[PDB]
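Q: This is my_file.txt (compact mmCIF, C-alpha atoms).
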```txt
# COMPACT_ATOMS: atom_id res chain seq x y z
CA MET A 1 16.89 14.94 2.20
CA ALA A 2 17.04 11.12 1.76
CA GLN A 3 13.47 10.65 0.59
CA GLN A 4 14.10 13.27 -2.14
CA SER A 5 17.35 11.69 -3.29
CA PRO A 6 17.18 8.93 -5.94
CA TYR A 7 18.75 6.30 -3.61
CA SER A 8 18.94 5.96 0.22
CA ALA A 9 21.18 3.33 1.84
CA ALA A 10 19.81 4.29 5.22
CA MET A 11 16.47 2.81 4.11
CA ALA A 12 18.35 -0.17 2.54
CA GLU A 13 19.79 -0.72 6.05
CA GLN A 14 16.40 -0.08 7.75
CA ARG A 15 14.88 -2.76 5.49
CA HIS A 16 17.81 -5.24 5.97
CA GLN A 17 17.44 -4.74 9.70
CA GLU A 18 13.66 -5.36 9.47
CA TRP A 19 14.59 -8.56 7.60
CA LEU A 20 17.39 -9.73 9.93
CA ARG A 21 15.00 -9.27 12.87
CA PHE A 22 12.82 -11.83 11.02
CA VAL A 23 15.86 -14.16 10.36
CA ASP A 24 16.97 -14.05 14.05
CA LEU A 25 13.37 -14.83 15.13
CA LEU A 26 13.39 -17.86 12.85
CA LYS A 27 16.91 -18.92 13.93
CA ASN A 28 15.77 -18.98 17.56
CA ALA A 29 12.39 -20.63 16.75
CA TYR A 30 14.29 -23.69 15.36
CA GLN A 31 16.35 -23.56 18.58
CA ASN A 32 13.09 -23.81 20.54
CA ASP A 33 11.08 -26.18 18.25
CA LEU A 34 8.63 -23.39 17.58
CA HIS A 35 9.64 -23.08 13.86
CA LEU A 36 6.64 -24.68 12.13
CA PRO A 37 4.03 -22.78 14.21
CA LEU A 38 6.01 -19.58 13.39
CA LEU A 39 6.27 -20.35 9.71
CA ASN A 40 2.45 -20.97 9.41
CA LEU A 41 1.91 -17.63 11.11
CA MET A 42 4.36 -16.05 8.61
CA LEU A 43 3.75 -17.81 5.21
CA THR A 44 0.40 -18.46 3.43
CA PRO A 45 -0.83 -21.86 2.07
CA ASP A 46 0.12 -20.57 -1.36
CA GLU A 47 3.55 -19.20 -0.27
CA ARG A 48 4.23 -22.55 1.51
CA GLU A 49 3.34 -24.60 -1.55
CA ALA A 50 5.49 -22.25 -3.64
CA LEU A 51 8.56 -22.80 -1.30
CA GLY A 52 8.13 -26.54 -1.36
CA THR A 53 8.09 -26.44 -5.16
CA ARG A 54 11.08 -24.11 -5.14
CA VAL A 55 13.15 -26.83 -3.48
CA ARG A 56 12.17 -29.06 -6.39
CA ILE A 57 12.91 -26.39 -9.08
CA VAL A 58 16.42 -25.85 -7.60
CA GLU A 59 17.13 -29.57 -6.96
CA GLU A 60 16.51 -30.15 -10.67
CA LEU A 61 18.58 -27.11 -11.72
CA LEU A 62 21.46 -28.77 -9.84
CA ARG A 63 20.68 -32.32 -11.19
CA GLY A 64 20.34 -30.82 -14.72
CA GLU A 65 18.18 -33.73 -15.75
CA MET A 66 14.90 -32.26 -17.05
CA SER A 67 13.79 -30.62 -20.31
CA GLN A 68 11.76 -27.41 -20.76
CA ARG A 69 8.52 -29.40 -21.24
CA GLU A 70 9.07 -31.34 -18.03
CA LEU A 71 9.72 -28.22 -15.99
CA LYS A 72 6.71 -26.44 -17.56
CA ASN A 73 4.35 -29.37 -16.96
CA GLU A 74 5.67 -31.40 -14.01
CA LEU A 75 6.94 -28.62 -11.74
CA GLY A 76 5.06 -25.59 -13.23
CA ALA A 77 8.36 -23.63 -13.94
CA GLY A 78 8.13 -21.86 -17.32
CA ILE A 79 10.91 -20.07 -19.13
CA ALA A 80 10.50 -17.11 -16.75
CA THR A 81 10.78 -18.90 -13.40
CA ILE A 82 13.74 -20.95 -14.71
CA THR A 83 15.41 -17.72 -15.91
CA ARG A 84 14.99 -16.10 -12.47
CA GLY A 85 15.99 -19.28 -10.58
CA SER A 86 19.03 -19.84 -12.89
CA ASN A 87 20.01 -16.11 -12.36
CA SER A 88 19.64 -16.53 -8.56
CA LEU A 89 21.83 -19.66 -8.60
CA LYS A 90 24.44 -17.66 -10.49
CA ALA A 91 24.17 -14.75 -8.01
CA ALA A 92 24.74 -17.17 -5.06
CA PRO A 93 28.00 -18.13 -3.41
CA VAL A 94 29.93 -21.21 -4.46
CA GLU A 95 29.69 -22.55 -0.83
CA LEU A 96 25.92 -22.40 -1.28
CA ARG A 97 25.85 -24.36 -4.59
CA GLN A 98 28.46 -26.77 -3.26
CA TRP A 99 26.40 -27.54 -0.12
CA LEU A 100 23.00 -27.74 -1.70
CA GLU A 101 24.69 -30.35 -3.97
CA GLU A 102 25.79 -32.17 -0.86
CA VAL A 103 22.16 -32.26 0.48
CA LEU A 104 19.77 -32.60 -2.51
CA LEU A 105 21.51 -35.00 -4.91
CA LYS A 106 23.15 -37.13 -2.15
CA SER A 107 19.64 -38.52 -1.46
CA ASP A 108 19.33 -40.32 -4.86
CA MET B 1 -7.98 -42.45 -8.48
CA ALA B 2 -7.88 -39.46 -6.03
CA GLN B 3 -7.50 -36.99 -8.98
CA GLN B 4 -11.07 -37.60 -10.03
CA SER B 5 -12.60 -37.13 -6.63
CA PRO B 6 -13.69 -34.02 -4.65
CA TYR B 7 -10.83 -33.98 -2.05
CA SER B 8 -7.36 -35.54 -2.21
CA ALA B 9 -5.64 -36.19 1.08
CA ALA B 10 -2.69 -37.75 -0.82
CA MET B 11 -1.81 -34.54 -2.75
CA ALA B 12 -2.14 -32.85 0.66
CA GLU B 13 0.45 -35.25 2.17
CA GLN B 14 2.75 -34.91 -0.86
CA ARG B 15 2.65 -31.10 -0.57
CA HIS B 16 3.11 -31.30 3.20
CA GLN B 17 6.22 -33.53 2.85
CA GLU B 18 7.46 -31.36 -0.03
CA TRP B 19 7.08 -28.52 2.42
CA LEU B 20 8.74 -30.18 5.42
CA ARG B 21 11.85 -30.73 3.26
CA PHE B 22 12.28 -26.94 3.01
CA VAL B 23 11.95 -26.74 6.83
CA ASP B 24 14.65 -29.39 7.49
CA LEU B 25 16.88 -27.77 4.79
CA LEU B 26 16.68 -24.39 6.52
CA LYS B 27 17.11 -26.01 10.01
CA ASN B 28 20.55 -27.27 8.80
CA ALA B 29 21.26 -23.94 7.04
CA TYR B 30 21.52 -21.92 10.33
CA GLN B 31 23.82 -24.56 11.69
CA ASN B 32 26.18 -23.74 8.76
CA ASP B 33 25.51 -20.02 8.47
CA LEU B 34 24.08 -20.64 4.94
CA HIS B 35 20.57 -19.43 5.88
CA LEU B 36 21.26 -15.83 4.52
CA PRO B 37 22.26 -16.95 1.04
CA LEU B 38 19.75 -19.84 1.06
CA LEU B 39 17.03 -17.38 1.97
CA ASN B 40 18.24 -15.06 -0.78
CA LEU B 41 17.83 -17.91 -3.27
CA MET B 42 14.43 -19.13 -2.14
CA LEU B 43 12.84 -15.68 -1.84
CA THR B 44 12.43 -12.58 -3.98
CA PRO B 45 13.50 -9.27 -2.45
CA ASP B 46 9.80 -8.27 -2.10
CA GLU B 47 9.13 -11.48 -0.17
CA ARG B 48 12.16 -10.85 2.00
CA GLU B 49 10.82 -7.36 2.55
CA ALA B 50 7.33 -8.74 3.30
CA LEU B 51 8.89 -11.02 5.95
CA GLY B 52 10.71 -8.13 7.52
CA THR B 53 7.52 -6.12 7.62
CA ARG B 54 5.31 -9.09 8.68
CA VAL B 55 7.34 -9.28 11.95
CA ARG B 56 6.32 -5.68 12.78
CA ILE B 57 2.68 -6.46 11.94
CA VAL B 58 2.82 -9.36 14.44
CA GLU B 59 4.67 -7.11 17.02
CA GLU B 60 2.21 -4.22 16.72
CA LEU B 61 -0.93 -6.50 17.08
CA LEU B 62 0.71 -8.22 20.05
CA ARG B 63 1.45 -4.85 21.74
CA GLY B 64 -2.00 -3.52 20.79
CA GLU B 65 -1.39 0.28 20.78
CA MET B 66 -1.36 1.15 17.06
CA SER B 67 -4.55 2.22 15.37
CA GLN B 68 -5.80 1.07 11.95
CA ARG B 69 -4.66 4.34 10.28
CA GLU B 70 -1.28 4.15 12.02
CA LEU B 71 -0.77 0.57 10.62
CA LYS B 72 -1.85 1.84 7.15
CA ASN B 73 0.54 4.78 7.02
CA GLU B 74 3.64 3.18 8.65
CA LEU B 75 3.40 -0.61 7.81
CA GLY B 76 1.24 -0.33 4.67
CA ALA B 77 -1.33 -2.76 6.08
CA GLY B 78 -5.00 -2.67 5.11
CA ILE B 79 -8.13 -3.80 6.85
CA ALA B 80 -7.64 -7.03 4.80
CA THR B 81 -4.06 -7.38 5.99
CA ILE B 82 -4.76 -6.85 9.71
CA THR B 83 -7.82 -9.08 9.49
CA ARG B 84 -5.74 -11.96 8.05
CA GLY B 85 -3.15 -11.07 10.71
CA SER B 86 -5.72 -11.34 13.51
CA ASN B 87 -7.10 -14.72 12.14
CA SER B 88 -3.52 -16.05 12.04
CA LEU B 89 -2.86 -15.00 15.70
CA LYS B 90 -6.11 -16.47 16.99
CA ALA B 91 -5.21 -19.83 15.40
CA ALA B 92 -1.56 -19.88 16.57
CA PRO B 93 -0.84 -22.12 19.53
CA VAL B 94 -0.62 -20.49 22.99
CA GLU B 95 3.03 -21.51 23.47
CA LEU B 96 3.82 -19.56 20.28
CA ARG B 97 1.87 -16.54 21.31
CA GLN B 98 3.46 -16.50 24.76
CA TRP B 99 6.94 -16.79 23.09
CA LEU B 100 6.16 -13.92 20.64
CA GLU B 101 5.00 -11.82 23.55
CA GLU B 102 8.51 -12.38 24.78
CA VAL B 103 10.62 -12.09 21.66
CA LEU B 104 8.96 -8.92 20.09
CA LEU B 105 7.85 -7.31 23.43
CA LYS B 106 10.98 -7.82 25.66
CA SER B 107 13.37 -5.62 23.64
CA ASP B 108 11.82 -2.16 24.45
```
Can you dump the structure from the file as structure tokens?
A:
Amino acid sequence: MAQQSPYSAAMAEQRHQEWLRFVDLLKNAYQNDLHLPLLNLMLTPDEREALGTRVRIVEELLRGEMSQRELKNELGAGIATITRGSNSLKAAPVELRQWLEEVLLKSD
Amino acid sequence: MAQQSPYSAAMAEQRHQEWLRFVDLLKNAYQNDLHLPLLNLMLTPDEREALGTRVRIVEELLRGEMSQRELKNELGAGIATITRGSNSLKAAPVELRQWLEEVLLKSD
């Protein structure tokens, strides 16, 4: 049945539980100082450079102190990436925004 | 100056420190239970799904019983994918591989 039906929450669960098994692994690896070896096994040079830049796209989207030129040129975030990062900020919790504001902009 | 030249080890260091920010950020996110929503910001649902699935690719190479056609029908993974898997495992440190051969092989 479920593979014929137009949506299956059993497979949404099966995928979430594939994902949480990854998140537990990484939550322990930090609790054993194995997190950077793990992360280099799990994320590619390009993925890693993209997550480091993502910290900077989101920092700035909380600082609110860049133009469109400056994000296109200095961080490589065009209209599209900004739209999807701005959407994802909106989709987040307030306790997420509030705490990223307490870590990223408290360093200035 | 380094821009002009064939290799920059300064852009390498900048990108490494830009990357190690992400990895201190997410160390402190587990300690607040903000890792779920932080990971949902930093990662598209097809990345989160690749991370989910990448754990089984690392489990099923470390257990060594699945064939190349079994990994292609059940995990999606090509020759390319398993090759890049097996180059990543050979280059992992032994204390990571011994700890993976616990964490993914101690549950069954």
Q: Just how far from CA of residue 52 (chain B) is CA of residue 4 (chain A), in Å to one decimal?
A: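 Rounded to one decimal, the two atoms are 23.7 Å apart.
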Q: Using all atoms listed in the file, determine which residues of chain B fall within 9 Å of chain A; present them as an MDAnalysis selection string.
A: chainID B and resid 15:23 25 27 30 34:38 40:43 48:56 58 85 88:89 91:93 95:96 99 103:104
Q: Put chain A on top of chain B with a least-squares fit on all C-alpha atoms, paired in order, and send it back as a PDB file with C-alpha atoms, in the coordinates of the input.
A:
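Generated output (superposed.pdb):
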```
ATOM      1  CA  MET A   1      -9.297 -42.138  -8.486  1.00  0.00           C
ATOM      2  CA  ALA A   2      -7.836 -39.396  -6.216  1.00  0.00           C
ATOM      3  CA  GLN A   3      -7.575 -36.699  -8.859  1.00  0.00           C
ATOM      4  CA  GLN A   4     -11.288 -37.233  -9.663  1.00  0.00           C
ATOM      5  CA  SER A   5     -12.375 -37.097  -6.032  1.00  0.00           C
ATOM      6  CA  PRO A   6     -13.170 -33.673  -4.510  1.00  0.00           C
ATOM      7  CA  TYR A   7     -10.398 -33.971  -1.857  1.00  0.00           C
ATOM      8  CA  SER A   8      -7.119 -35.982  -1.695  1.00  0.00           C
ATOM      9  CA  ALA A   9      -5.122 -36.206   1.549  1.00  0.00           C
ATOM     10  CA  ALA A  10      -2.414 -38.085  -0.285  1.00  0.00           C
ATOM     11  CA  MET A  11      -1.675 -34.853  -2.179  1.00  0.00           C
ATOM     12  CA  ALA A  12      -2.042 -32.878   1.114  1.00  0.00           C
ATOM     13  CA  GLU A  13       0.725 -35.173   2.446  1.00  0.00           C
ATOM     14  CA  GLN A  14       2.765 -34.918  -0.805  1.00  0.00           C
ATOM     15  CA  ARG A  15       2.632 -31.114  -0.466  1.00  0.00           C
ATOM     16  CA  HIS A  16       3.421 -31.133   3.321  1.00  0.00           C
ATOM     17  CA  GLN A  17       6.363 -33.382   2.556  1.00  0.00           C
ATOM     18  CA  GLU A  18       7.533 -31.009  -0.224  1.00  0.00           C
ATOM     19  CA  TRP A  19       7.291 -28.259   2.418  1.00  0.00           C
ATOM     20  CA  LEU A  20       9.005 -30.133   5.280  1.00  0.00           C
ATOM     21  CA  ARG A  21      11.879 -30.936   2.899  1.00  0.00           C
ATOM     22  CA  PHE A  22      12.210 -27.124   2.604  1.00  0.00           C
ATOM     23  CA  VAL A  23      11.953 -26.656   6.454  1.00  0.00           C
ATOM     24  CA  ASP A  24      14.638 -29.336   7.136  1.00  0.00           C
ATOM     25  CA  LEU A  25      16.919 -27.678   4.531  1.00  0.00           C
ATOM     26  CA  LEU A  26      16.509 -24.372   6.343  1.00  0.00           C
ATOM     27  CA  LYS A  27      16.935 -25.967   9.801  1.00  0.00           C
ATOM     28  CA  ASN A  28      20.284 -27.411   8.714  1.00  0.00           C
ATOM     29  CA  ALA A  29      21.366 -24.214   6.867  1.00  0.00           C
ATOM     30  CA  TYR A  30      21.181 -22.296  10.212  1.00  0.00           C
ATOM     31  CA  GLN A  31      23.202 -25.185  11.694  1.00  0.00           C
ATOM     32  CA  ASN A  32      25.856 -24.541   9.034  1.00  0.00           C
ATOM     33  CA  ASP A  33      25.683 -20.692   8.795  1.00  0.00           C
ATOM     34  CA  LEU A  34      24.451 -21.007   5.243  1.00  0.00           C
ATOM     35  CA  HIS A  35      20.943 -19.617   6.087  1.00  0.00           C
ATOM     36  CA  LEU A  36      21.134 -16.122   4.572  1.00  0.00           C
ATOM     37  CA  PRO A  37      22.654 -17.304   1.250  1.00  0.00           C
ATOM     38  CA  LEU A  38      19.860 -19.952   1.152  1.00  0.00           C
ATOM     39  CA  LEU A  39      17.121 -17.496   1.973  1.00  0.00           C
ATOM     40  CA  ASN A  40      18.245 -15.065  -0.837  1.00  0.00           C
ATOM     41  CA  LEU A  41      18.169 -18.003  -3.225  1.00  0.00           C
ATOM     42  CA  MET A  42      14.646 -18.847  -1.951  1.00  0.00           C
ATOM     43  CA  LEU A  43      12.866 -15.462  -1.314  1.00  0.00           C
ATOM     44  CA  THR A  44      12.649 -12.407  -3.646  1.00  0.00           C
ATOM     45  CA  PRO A  45      13.530  -8.765  -2.709  1.00  0.00           C
ATOM     46  CA  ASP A  46       9.799  -8.167  -2.474  1.00  0.00           C
ATOM     47  CA  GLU A  47       9.072 -11.357  -0.443  1.00  0.00           C
ATOM     48  CA  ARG A  48      11.990 -10.432   1.899  1.00  0.00           C
ATOM     49  CA  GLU A  49      10.711  -6.908   2.449  1.00  0.00           C
ATOM     50  CA  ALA A  50       7.234  -8.354   3.026  1.00  0.00           C
ATOM     51  CA  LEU A  51       8.578 -10.781   5.766  1.00  0.00           C
ATOM     52  CA  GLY A  52      10.476  -8.025   7.493  1.00  0.00           C
ATOM     53  CA  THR A  53       7.298  -5.942   7.587  1.00  0.00           C
ATOM     54  CA  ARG A  54       5.340  -8.964   8.770  1.00  0.00           C
ATOM     55  CA  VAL A  55       7.462  -9.068  11.921  1.00  0.00           C
ATOM     56  CA  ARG A  56       6.421  -5.463  12.488  1.00  0.00           C
ATOM     57  CA  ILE A  57       2.686  -6.106  11.746  1.00  0.00           C
ATOM     58  CA  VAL A  58       2.664  -8.996  14.287  1.00  0.00           C
ATOM     59  CA  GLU A  59       4.812  -7.197  16.914  1.00  0.00           C
ATOM     60  CA  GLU A  60       2.202  -4.427  16.901  1.00  0.00           C
ATOM     61  CA  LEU A  61      -0.730  -6.882  16.978  1.00  0.00           C
ATOM     62  CA  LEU A  62       0.830  -8.213  20.200  1.00  0.00           C
ATOM     63  CA  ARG A  63       1.667  -4.692  21.593  1.00  0.00           C
ATOM     64  CA  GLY A  64      -1.889  -3.556  20.646  1.00  0.00           C
ATOM     65  CA  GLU A  65      -0.714   0.021  20.523  1.00  0.00           C
ATOM     66  CA  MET A  66      -1.590   1.348  17.047  1.00  0.00           C
ATOM     67  CA  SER A  67      -4.775   2.610  15.371  1.00  0.00           C
ATOM     68  CA  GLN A  68      -6.148   1.686  11.923  1.00  0.00           C
ATOM     69  CA  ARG A  69      -4.666   4.859  10.365  1.00  0.00           C
ATOM     70  CA  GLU A  70      -1.219   4.097  11.746  1.00  0.00           C
ATOM     71  CA  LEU A  71      -1.239   0.541  10.451  1.00  0.00           C
ATOM     72  CA  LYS A  72      -2.565   1.680   7.039  1.00  0.00           C
ATOM     73  CA  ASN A  73       0.023   4.453   6.682  1.00  0.00           C
ATOM     74  CA  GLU A  74       3.084   3.525   8.765  1.00  0.00           C
ATOM     75  CA  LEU A  75       3.246  -0.230   8.162  1.00  0.00           C
ATOM     76  CA  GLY A  76       1.060  -0.523   4.989  1.00  0.00           C
ATOM     77  CA  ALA A  77      -1.407  -3.037   6.671  1.00  0.00           C
ATOM     78  CA  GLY A  78      -5.001  -2.220   5.658  1.00  0.00           C
ATOM     79  CA  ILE A  79      -8.149  -3.751   7.056  1.00  0.00           C
ATOM     80  CA  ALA A  80      -7.513  -6.878   4.954  1.00  0.00           C
ATOM     81  CA  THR A  81      -3.948  -7.689   6.021  1.00  0.00           C
ATOM     82  CA  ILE A  82      -4.857  -7.007   9.680  1.00  0.00           C
ATOM     83  CA  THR A  83      -7.894  -9.312   9.327  1.00  0.00           C
ATOM     84  CA  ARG A  84      -5.725 -12.127   7.911  1.00  0.00           C
ATOM     85  CA  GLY A  85      -2.889 -11.533  10.419  1.00  0.00           C
ATOM     86  CA  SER A  86      -5.375 -11.330  13.364  1.00  0.00           C
ATOM     87  CA  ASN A  87      -7.033 -14.608  12.076  1.00  0.00           C
ATOM     88  CA  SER A  88      -3.584 -16.279  11.820  1.00  0.00           C
ATOM     89  CA  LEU A  89      -2.700 -15.211  15.380  1.00  0.00           C
ATOM     90  CA  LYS A  90      -5.969 -16.756  16.523  1.00  0.00           C
ATOM     91  CA  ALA A  91      -5.265 -19.973  14.561  1.00  0.00           C
ATOM     92  CA  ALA A  92      -1.804 -20.276  16.238  1.00  0.00           C
ATOM     93  CA  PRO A  93      -0.883 -22.132  19.397  1.00  0.00           C
ATOM     94  CA  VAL A  94      -0.786 -20.405  22.762  1.00  0.00           C
ATOM     95  CA  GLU A  95       2.936 -21.425  23.134  1.00  0.00           C
ATOM     96  CA  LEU A  96       3.545 -19.451  19.944  1.00  0.00           C
ATOM     97  CA  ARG A  97       1.787 -16.243  21.136  1.00  0.00           C
ATOM     98  CA  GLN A  98       3.334 -16.631  24.578  1.00  0.00           C
ATOM     99  CA  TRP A  99       6.881 -16.879  23.146  1.00  0.00           C
ATOM    100  CA  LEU A 100       6.624 -14.215  20.513  1.00  0.00           C
ATOM    101  CA  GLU A 101       5.550 -12.004  23.476  1.00  0.00           C
ATOM    102  CA  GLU A 102       8.702 -13.057  25.251  1.00  0.00           C
ATOM    103  CA  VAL A 103      10.869 -11.993  22.225  1.00  0.00           C
ATOM    104  CA  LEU A 104       9.232  -8.933  20.576  1.00  0.00           C
ATOM    105  CA  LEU A 105       7.934  -6.814  23.470  1.00  0.00           C
ATOM    106  CA  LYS A 106      10.798  -7.723  25.882  1.00  0.00           C
ATOM    107  CA  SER A 107      13.028  -5.479  23.710  1.00  0.00           C
ATOM    108  CA  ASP A 108      11.185  -2.213  24.618  1.00  0.00           C
TER     109      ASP A 108
END
```
Q: Please determine the residues with any atom at most 12 Å from (11.0, -26.2, -20.1) (coordinates as given in the file, with only C-alpha atoms counting) and report them as a ChimeraX atom specification.
A: /A:57,60-61,64-83
